[PDB]
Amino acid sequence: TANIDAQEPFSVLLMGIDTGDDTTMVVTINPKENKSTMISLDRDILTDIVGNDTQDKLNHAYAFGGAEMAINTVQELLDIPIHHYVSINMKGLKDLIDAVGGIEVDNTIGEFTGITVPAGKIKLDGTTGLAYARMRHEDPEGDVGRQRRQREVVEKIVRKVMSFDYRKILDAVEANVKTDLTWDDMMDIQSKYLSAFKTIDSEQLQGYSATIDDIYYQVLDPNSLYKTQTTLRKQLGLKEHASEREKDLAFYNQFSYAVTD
């Protein structure tokens, strides 16, 4: 329902699915405040799986009902509307990095796992780009680290894709990307939301370690959850939803007995 033509603030869920026998993110574009907020969603987060009538870790949303179930589940978790979505393969993500001429990042680690990514300020291609985005071992932070690195990659990509260009040649990633976002929608963004990318901010979801049936889950702090929800909601020109605070708390209370902190 977001009117892109009127440069109305909108949101989008970016997913990185590995189709070869995952990563879920949310971005809010708010030109009225010249900023975009990325939001990494941990796969172990415990929530209601909208449509499955159960509560599982967010990760299984897509795995059970594809794109639809994931979009809905996230829409309930963040208490915000997901106007658009995008599914990218590992082959498409690799071609998107090469189609833009690569991207520069600051590798504060320096792993090397059949691909090696150098340390310090270096340029990344499609190949060494996937490794940098996917890695949860050589990082003394795991999830949080990998998540931070995935957001850095997408931030650099978006920054480049919007750095005045290629857009047509980029299509070499179409055969490996799904989206309800049209070409016209893109042209509207690359001429009316340029300011919205002047500053790309981040947001972390505070949670706790937990376990139910010998499975590791993460129970989000309800009060940190509400704050996050209200934040995103305002990014989208929406008002506070105090009613959601009572819901976040209720959910947390029925699962706090599993927290291991």
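One-based numbering along the sequence shown.
Engineer: Between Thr113 and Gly114, count the deposited residues left without coordinates and pick a bin: none, 1 to 3, 4 to 9, 10 or more.
Structural biologist: Just 1 to 3 residues are missing between them.
Engineer: Between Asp21 and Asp22, count the deposited residues left without coordinates and pick a bin: none, 1 to 3, 4 to 9, 10 or more.
Structural biologist: Some 4 to 9 residues are missing between them.
Engineer: Between 67-75 and 88-96, which has the higher average C-alpha B-factor in the PDB entry?
Structural biologist: Mean B over CA atoms: larger for 88-96.
Engineer: Regarding 12-20 and 247-255, which shows the higher C-alpha temperature factor on average in the entry?
Structural biologist: Taking the mean B-factor of the alpha carbons in each, 12-20 is higher.
Engineer: Looking at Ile49, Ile45, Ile200, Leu205, which one carries the largest C-alpha B-factor according to the PDB entry?
Structural biologist: Highest C-alpha B-factor among the listed options: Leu205.
Engineer: In terms of recorded Cα temperature factor, pick the maximum from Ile82, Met187, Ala175, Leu181.
Structural biologist: Across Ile82, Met187, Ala175, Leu181, the entry lists the biggest C-alpha B-factor for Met187.
Engineer: Is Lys234 in the lowest, middle or highest third of its chain when residues are ranked by C-alpha B-factor?
Structural biologist: Bottom third by C-alpha B-factor.
Engineer: Quick check for you: using the entry's CA B-factors within this chain, is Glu152 in the lowest, middle or highest third?
Structural biologist: For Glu152, the deposited C-alpha B-factor lands in the lowest third.
Engineer: Would you mind checking where the Cα B-factor of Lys160 ranks among the modelled residues of its chain, as the lowest, middle or highest third?
Structural biologist: Ranked within chain, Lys160 CA B lands in the middle tercile.
Engineer: What third of the chain does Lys32 rank in for C-alpha temperature factor, lowest, middle or highest?
Structural biologist: It belongs to the highest third of the chain when residues are ordered by C-alpha B-factor.
Engineer: Check where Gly126 lands among this chain's C-alpha B-factors and tell me if it's the lowest, middle or highest third.
Structural biologist: Ranked within chain, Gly126 CA B lands in the middle tercile.
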